[PDB]
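Chains as they are written, first to last, in the entry's author numbering: chain D, 1 to 126, 133 to 497, 502 to 646; chain A, 1 to 126, 133 to 497, 502 to 646; chain G, 1 to 53, 55 to 80, 85 to 97; chain B, 1 to 53, 55 to 80, 85 to 97; chain E, 24 to 57, 68 to 105; chain H, 24 to 54, 68 to 106; chain F, 17 to 49, 56 to 112; chain C, 17 to 49, 56 to 112.
Cβ coordinates follow ideal geometry from the N, Cα and C atoms, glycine included.
The structure under discussion appears below in the form of structure tokens.
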Amino acid sequence: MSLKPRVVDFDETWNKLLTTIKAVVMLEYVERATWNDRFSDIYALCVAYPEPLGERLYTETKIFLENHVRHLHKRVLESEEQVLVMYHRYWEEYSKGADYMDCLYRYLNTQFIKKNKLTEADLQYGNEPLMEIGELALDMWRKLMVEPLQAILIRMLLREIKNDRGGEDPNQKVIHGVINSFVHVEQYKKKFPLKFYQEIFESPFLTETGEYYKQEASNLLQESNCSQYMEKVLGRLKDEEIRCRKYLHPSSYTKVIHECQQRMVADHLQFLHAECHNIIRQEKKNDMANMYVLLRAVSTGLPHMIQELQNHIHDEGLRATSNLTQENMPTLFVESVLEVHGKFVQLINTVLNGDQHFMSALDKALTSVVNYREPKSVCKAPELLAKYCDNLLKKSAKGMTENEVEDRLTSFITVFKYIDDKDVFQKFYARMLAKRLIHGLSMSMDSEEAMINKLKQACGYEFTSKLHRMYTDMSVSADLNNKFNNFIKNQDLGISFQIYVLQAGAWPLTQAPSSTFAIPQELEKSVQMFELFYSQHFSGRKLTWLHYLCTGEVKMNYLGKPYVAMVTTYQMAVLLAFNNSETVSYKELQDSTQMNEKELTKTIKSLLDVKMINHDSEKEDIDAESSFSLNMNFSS
Amino acid sequence: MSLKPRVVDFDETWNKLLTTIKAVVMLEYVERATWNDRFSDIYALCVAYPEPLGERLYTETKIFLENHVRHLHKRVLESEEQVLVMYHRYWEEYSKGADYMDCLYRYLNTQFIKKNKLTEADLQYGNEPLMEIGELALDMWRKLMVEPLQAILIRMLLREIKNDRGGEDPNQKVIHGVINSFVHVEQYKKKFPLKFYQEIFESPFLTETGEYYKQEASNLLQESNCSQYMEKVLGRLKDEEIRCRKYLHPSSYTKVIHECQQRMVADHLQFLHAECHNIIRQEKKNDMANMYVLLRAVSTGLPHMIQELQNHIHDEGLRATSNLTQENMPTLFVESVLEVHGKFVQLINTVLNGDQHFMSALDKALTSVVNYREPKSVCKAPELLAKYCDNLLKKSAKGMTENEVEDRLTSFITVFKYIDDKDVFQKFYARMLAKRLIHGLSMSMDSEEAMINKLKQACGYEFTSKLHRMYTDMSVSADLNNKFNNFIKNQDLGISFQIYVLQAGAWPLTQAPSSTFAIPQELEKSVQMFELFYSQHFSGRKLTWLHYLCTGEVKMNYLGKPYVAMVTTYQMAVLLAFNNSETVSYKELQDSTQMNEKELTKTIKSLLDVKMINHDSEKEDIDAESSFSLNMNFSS
Amino acid sequence: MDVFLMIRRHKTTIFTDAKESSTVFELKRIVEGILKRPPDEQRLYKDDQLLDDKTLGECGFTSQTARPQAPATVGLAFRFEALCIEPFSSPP
Amino acid sequence: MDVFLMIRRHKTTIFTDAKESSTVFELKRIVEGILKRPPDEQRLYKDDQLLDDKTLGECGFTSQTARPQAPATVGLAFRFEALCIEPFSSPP
Amino acid sequence: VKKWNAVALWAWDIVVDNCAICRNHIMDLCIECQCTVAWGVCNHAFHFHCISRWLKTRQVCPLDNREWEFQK
Amino acid sequence: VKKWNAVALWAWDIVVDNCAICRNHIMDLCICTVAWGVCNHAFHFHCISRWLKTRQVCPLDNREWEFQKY
Amino acid sequence: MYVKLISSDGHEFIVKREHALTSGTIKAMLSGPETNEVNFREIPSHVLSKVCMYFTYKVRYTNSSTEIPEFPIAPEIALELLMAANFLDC
Amino acid sequence: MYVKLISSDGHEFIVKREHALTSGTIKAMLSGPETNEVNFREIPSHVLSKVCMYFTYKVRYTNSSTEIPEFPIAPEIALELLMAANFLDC
Ligand SMILES: [Zn+2]
Ligand SMILES: [Zn+2]
Ligand SMILES: [Zn+2]
Ligand SMILES: [Zn+2]
Ligand SMILES: [Zn+2]
Ligand SMILES: [Zn+2]
């Protein structure tokens with residue numbers, strides 16, 4: 001015989017198929033040759049020549065399955081307190097059997113059911135519609151196993167889960183298989199594959215979980231402090247996570263944990279905020295480590311405690327930055343903040359998992375701390391911060407290592423970001439730097455250049471524009487003084507002369523000379539030589555001397571010993587009037603120097619204070635008629 | 001009988017005192033009354049009327065002590081392999097006895113020895135001198151216990167220590183007591199209290215320690231990889247720390263550990279930095295955690311591996327910042343660095359104990375990464391960074407939460423510091439910001455103001471001087487437009507008019523058109539009204555109108571439907587030229603507009619492109635004779 | 001090159017693919033792998049020509066002559086029994 | 001106020017500081033603290049005046066009359086026998 | 024005609040009527056033509082003829098005292 | 024006379040020669069000292085004072101005016 | 017490694033597993049609850071053999087970059103081939 | 017809390033520990049190898071008593087903010103007091 005359609009006896013072949021499927025559902029041994037023969041018979045009946053009896057086969061299979069499932073329901077109802085395990089066994093048998101008939105009835109589904117099955121669109125916009139035999143089996147199982155016994159099975163599952171929560175572990179295998187069965191029964195439904203599971207089990211389970219964990223939270227709160235209660239909370243969270251991963255479907259996991267966070271933690275947000283006021287003050291290294299994760303789970307837990315940390319650091323930094331000694335305030339002020347900042351940084355990353363908000367909350371207070379105007383001086387913080395630079399930039403005798411300066415400078419930058427009016431710092435730094443270079447007080451240009459580059463990287467080229475030209479100005483100036491000397495060689503000053511050319515756009519020396527100084531003849535020749543020279547190599551320019559800042563060394567031979575002391579330009583002009591006359595009146599000095607009374611007297615006062623001259627008038631106050639005599643008996 | 005000095009029999013009282021001290025050294029029971037009587041006997045002997053017998057007493061005591069110590073030496077020499085325990089026991093016995101006689105001879109020591117003891121200066125710069139009975143006993147013990155048996159006792163102590171290193175624990179009590187005794191014997195010496203201990207024991211012990219540890223290093227290196235060997239090194243270090251605290255005097259602790267670090271770790275620096283090349287690439291979360299501490303102990307270990315981390319992050323950040331899509335490059339480029347920076351920060355702080363150098367070394371590479379000019383465009387990195395600000399500051403339909411932007415903006419500041427030419431960013435930021443405000447593209451000024459304040463805090467007032475004036479300019483400008491309208495009420503424009511009074515300094519609109527545009531009459535009334543009004547409240551001020559940027563809406567009534575389209579001021583006059591004549595020649599437009607042909611052609615091209623007009627010349631190129639006709643059939 | 005061969009002995013038939021450079025030994029190893037018969041008992045007959053226990058290309062089995070739709074033809078005999090092949094069923 | 005007092009019984013003498021407001025029973029539980037004898041047996045005599053178990058200020062013991070360089074005078078007796090106190094040794 | 028918006032820069036007449044090199048009004052001809070405005074990336078405006086002559090003597094901005102670069 | 028060091032500011036004569044506001048020497052002569073502020077802009081102290089009495093903003097960069105140095 | 021197929025006339029055809037896996041119906045029979059032998063009562067020797075060559079052709083030319091040649095179908099056996107294909111889900 | 021001292025004539029004087037701790041020799045005798059009773063066969067009753075009052079005066083007026091009054095010393099007993107102080111190293 002061949003595959004041609006023919007008239008086949010429905011009854012005999014149907015009985016053979018019934019015997020075969022009855023063996024299959026019980027997973028009994030079946031002959032492979034009998035397997036193939038059943039396939040052949042199924043195909044023959046599907047294409048039965050008088051009429052395709054595939055609908056009749058479907059009806060007969062549905063009826064037999066209904067009888068079998070009703071018998072299974074009776075058997076389940078017979079068992080008491082054993083319902084879960086033996087139902088799990090029946091499901092395990094029946095799922096495999098259903099797959100076996102799905103393979104058995106593949107021809108019926110493909111050729112008959114599929115060609116007649118209602119589309120999903122019709123059902124969505126809409133006799134039981136035809137479904138595949140596997141879908142039929144699962145649907146009728148859910149109808150006749152899950153629906154009739156649903157209350158009992160849910161109750162038993164909840165009881166077992168609660169027993170596990172009490173430490174009494176039931177069989178994970180049976181309950182997990184039953185849950186997976188609940189997932190499995192509607193797996194053929196394309197839309198909402200977890201709808202039935204959520205409807206019949208997940209919602210009541212979540213409700214009971216919330217109730218039980220609310221009671222547990224009440225019990226633990228009544229029996230423990232904040233720290234013990236929160237540790238128990240963490241333990242319960244991890245234990246319920248393990249429980250869910252053991253039993254429940256994965257999709258519900260995040261739900262259940264959320265529920266355990268809600269009824270059992272968020273219901274007492276006020277309790278969490280009540281004891282954190284002191285937990286951070288005590289600096290409990292391990293408590294905030296677990297206190298952080300709990301507030302992250304709840305929506306509003308973190309922000310309130312975040313601010314409380316800001317209040318603590320605000321006061322903590324203030325105490326470390328309030329009792330500064332008025333003598334060594336700058337160097338210690340930088341160190342005081344640095345350790346306060348350095349300690350909390352390691353605290354946040356380690357204890358608080360390196361939360362970005364806490365790092366942000368840290369700078370919210372440190373900026374308020376560094377920029378605070380604690381001393382009576384108004385906004386002295388950038389000023390005192392500035393003076394720290396000189397301590398690390400001034401060439402001191404046996405000065406500490408420049409490399410050991412470098413890392414200190416890097417640590418200094420951290421405080422630099424916290425300053426409010428960073429521009430004001432620049433102005434203070436510039437003039438303070440101006441003194442350091444004009445006298446060579448800086449140990450090296452390179453050390454200063456590191457600050458220049460770092461500041462430019464810190465606040466752009468424009469913020470360091472004056473400083474960069476400032477640093478550059480003297481670096482080239484060394485060659486200019488040398489190159490000027492070559493001009494004398496190329497072409502007699504009589505004195506040792508040095509000069510710095512200053513770029514007027516950057517040097518903070520806006521004090522224009524109000525009084526017209528009279529350059530001494532001994533200095534006038536050098537002035538003439540340089541000004542003529544400057545135009546030679548640098549034309550189209552204008553020069554302007556600030557004599558009062560010019561410095562020079564003066565050697566007198568009138569004393570018993572040659573004494574050399576550094577003096578200013580105004581100081582030299584006054585003393586040069588004594589190289590011809592041992593006594594000079596005030597008016598003669600005024601005529602010779604053309605100085606104003608205020609500064610000339612101040613200049614004269616310095617000489618009298620050092621006893622370079624002797625005031626010939628009995629009054630301690632100097633007038634226009636004051637006469638001054640040289641100090642022929644001065645000794646040092 | 002009283003305390004008056006008298007002639008006392010030296011022999012009988014000396015024998016009684018000898019019996020008493022013999023009981024004392026053996027810690028035998030002594031009657032308290034006998035103790036007091038021996039005190040009186042000592043006092044009488046010291047003040048013996050014929051001659052002070054204190055010198056005779058001191059000699060007798062020294063002789064008896066010498067005999068006792070020699071007997072003790074004989075007893076110790078009798079013991080073999082038991083020398084340590086029984087010598088130790090004798091040490092406590094003899095030390096307690098020595099303290100007892102020290103209390104016993106208090107009067108003799110004060111009156112005779114102390115009054116005749118050589119001063120420390122005399123000993124330093126200048133018969134055995136007089137010593138305290140305790141000092142005498144300890145010195146002679148060192149002379150006759152420690153010195154004769156020193157080699158044997160050192161050898162036994164080293165053997166026991168090695169046995170403990172081998173896991174065979176000897177008695178802590180005996181050997182620890184002997185070690186402490188080594189300090190104890192010279193504890194009376196004011197100068198160098200640890201000299202003898204270091205000389206006889208600490209140096210040979212350290213020598214053996216280094217040799218044993220160098221051998222231990224060799225064995226473990228030959229038997230383990232880098233990770234296993236370094237873990238064993240950490241174990242040995244902690245074990246030796248425990249050992250030293252258990253046995254040795256505390257002062258030597260830091261020494262021994264140092265030795266254990268020198269011979270066992272640094273002896274193969276080439277090896278420590280050999281395998282670190284891949285340990286960091288693999289990102290061994292735990293290996294570098296213990297690899298960091300080992301290099302901290304050695305002087306030069308850290309810097310080499312620090313740089314290797316910089317190389318790794320340099321490449322790691324580059325890969326995450328090289329394959330950026332040309333479409334969404336700006337938003338993702340900022341994001342790409344963030345996790346690259348964010349992950350390593352948590353890595354450095356947690357794994358590497360939050361070392362400051364590594365955090366510094368991190369920024370050494372990220373700055374080199376962000377500022378890198380990967381695209382073909384030169385230095386496009388700050389420019390593309392600017393566009394990210396627009397993405398977070400452009401009001402989009404259903405725009406995402408501004409509060410969430412604030413968090414993004416804070417994260418944005420982190421990469422901002424890494425830019426080198428931050429000034430160039432400002433220039434590009436301004437023009438991009440110029441578009442947003444002039445069209446209201448920003449969500450609100452408050453959102454923009456956050457950037458302004460943050461930038462000023464980031465780089466000072468001067469770097470944000472223009473931008474702050476930018477932001478303020480329009481904020482006041484809202485009232486000016488409103489207040490101008492009140493003037494019309496106070497005193502007919504016919505059109506809806508708005509105006510912004512831009513400030514010449516901050517606004518980057520340097521281009522003032524040479525083309526003397528002719529304001530349309532419909533606009534000529536309004537400009538007259540405002541200019542007169544502006545001087546009314548704001549006299550002394552010059553106004554200059556950039557018409558090309560002014561925006562206007564024109565309603566065309568000639569078409570079949572009322573159409574509203576927004577076009578420029580240059581586009582105002584063109585359509586106005588068609589409200590009287592449906593066809594206008596090029597010269598008429600040029601005469602009316604009075605503005606340059608180059609932009610006129612561009613202006614005309616735009617209108618033709620949107621089919622506003624119809625070009626009446628067949629040439630696609632517009633010439634000076636090109637006539638144009640209105641588009642009466644235009645539709646949108 | 002891949003060559004598709006159907007080996008037939010009586011009603012038994014085995015379909016396989018091998019290399020054109022493969023010899024009788026490889027297909028014989030297939031015979032011990034499935035049917036477990038020693039190679040000496042195995043005898044190959046390409047039509048009536050006994051094949052030397055020689056590559057398939059040498060025997061005349063090529064990709065053109067051995068295709069998935071037109072597999073090559075050869076008969077298998079076992080111990085010496087004469088080759089016996091039962092003809093297939095006749096289509097109507 | 002602190003008052004320094006010496007108590008005597010035959011050759012036994014005890015020195016102690018107390019409060020001026022402290023009573024005789026204070027000086028008595030001093031006696032049980034030192035030598036464990038019941039207070040009823042203990043009786044204190046300021047000179048020849050027996051003192052009722055009455056503050057030291059009421060008894061006449063003040064800071065001026067009870068000093069570290071000059072403690073006050075009082076005797077002790079037990080059960085009730087006559088007061089017997091042996092005078093100190095005579096300095097030369 | 025339906026609606027119009029106006030934008031106009033604001034500056035004081037007396038404060039900015041001069042160029043550093045010649046002091047002739049920037050909107051007027053330079054002294055030599057008596068001629069467009071040349072802009073530096075330093076936001077300093079000078080006559081194109083004036084700046085070109087200054088650049089020949091040295092490549093710097095006169096007010097800035099820093100290297101010149103033509104913004105526009 | 025033993026030694027001397029000299030310091031002198033450098034500026035171009037052509038770039039600045041006159042008070043920008045007033046055509047007159049900046050040395051106490053208006054149509068009057070050299071006023072100074074953080075803007076580093078110098079004009080006759082007479083003109084600067086009257087401007088400040090009128091407007092509290094810098095004439096050139098237009099910000100609040102505070103004196104720098106003298 | 018292989019599977020043997022017996023036709024209606026008892027002929028034995030041994031093929032690889034993936035050949036059986038190509039047909040869904042044969043997958044079902046091999047999934048039936056030791057040589058894996060499958061009989062075909064309605065299929066004779068020649069039809070099953072040409073179906074085996076159909077499996078070979080399919081597995082060779084599916085996902086094959088070379089041009090897929092036409093598979094011959096004899097008209098006298100086309101009806102049996104197609105009914106067998108419908109039987110075997112292929 | 018108290019210690020008893022017996023003079024050469026057998027008189028008993030009881031004072032607290034801290035009173036006796038002032039004297040270096042007493043510290044030694046109490047440090048010697056239950057009532058802590060020590061006899062002073064070279065010191066009579068009155069001398070030891072006045073040594074007790076000296077202890078009380080010292081412990082009262084050491085580190086005392088109030089003015090320290092003079093301690094009376096009888097000339098007929100001054101030599102014995104001073105030699106007893108040398109014996110007690112106080
Ligand atoms: Zn010019
Ligand atoms: Zn010109
Ligand atoms: Zn400039
Ligand atoms: Zn002026
Ligand atoms: Zn004036
Ligand atoms: Zn200004």
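Candidates the options, of which the one nearest residue i by Cα
| i | options | result |
| --- | --- | --- |
| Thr41(C) | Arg38(A), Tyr218(A), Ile509(A), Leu559(A) | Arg38(A) |
| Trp35(A) | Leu53(A), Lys96(A), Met101(A) | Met101(A) |
| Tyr435(D) | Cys395(D), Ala403(D), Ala575(D) | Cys395(D) |
| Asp485(D) | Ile509(D), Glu214(D), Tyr235(D), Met622(D) | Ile509(D) |
| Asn58(F) | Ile22(F), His27(F), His68(F), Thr78(F) | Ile22(F) |
Element boundaries [beta strand (DSSP E), containing residue i]
| i | result |
| --- | --- |
| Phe422(D) | It is not in any beta strand (DSSP E) - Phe422(D) instead sits in the alpha helix (DSSP H) that spans 408-422. |
| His625(D) | 623-625 |
Local Cβ density within 10 Å of residue i, reported as buried at 16 or more and exposed below that
| i | result |
| --- | --- |
| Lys168(D) | exposed |
| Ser64(G) | exposed |
| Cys465(A) | buried |
| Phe188(A) | buried |
| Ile54(H) | exposed |
| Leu5(G) | buried |
| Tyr219(D) | buried |
8 angstroms contact criterion, which residue i and residue j should meet: CB distance rounded
| i | j | result |
| --- | --- | --- |
| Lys400(D) | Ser448(D) | 7 angstroms |
Residue i - containing alpha helix (DSSP H), residue span
| i | result |
| --- | --- |
| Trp35(A) | 32-46 |
Three Cβ pairs or more, each shorter than 8 angstroms: is that satisfied between the stretch 618-637 of chain D and the stretch 583-601 of chain D? Judged by Cβ distances under 8 angstroms, the stretch 618-637 of chain D makes contact with the stretch 583-601 of chain D, as three or more pairs qualify.
Whether or not the stretch 153-171 of chain D and the stretch 197-205 of chain D are in contact is what I'm after, with contact meaning three or more pairs of Cβ atoms, one per stretch, closer than 8 angstroms; do they touch? Taking a contact to require three or more Cβ pairs closer than 8 angstroms, the stretch 197-205 of chain D and the stretch 153-171 of chain D do not qualify as touching.
Does the stretch 427-446 of chain A come within contact of the stretch 385-394 of chain A, defined as at least 3 CB pairs closer than 8 angstroms? yes
Of all residues in the structure, which have a C-beta closer than 6 angstroms to any heavy atom of ligand 7, taken in chain order? The model depicted lacks ligand 7 and carries ligand 1, ligand 2, ligand 3, ligand 4, ligand 5 and ligand 6 instead.
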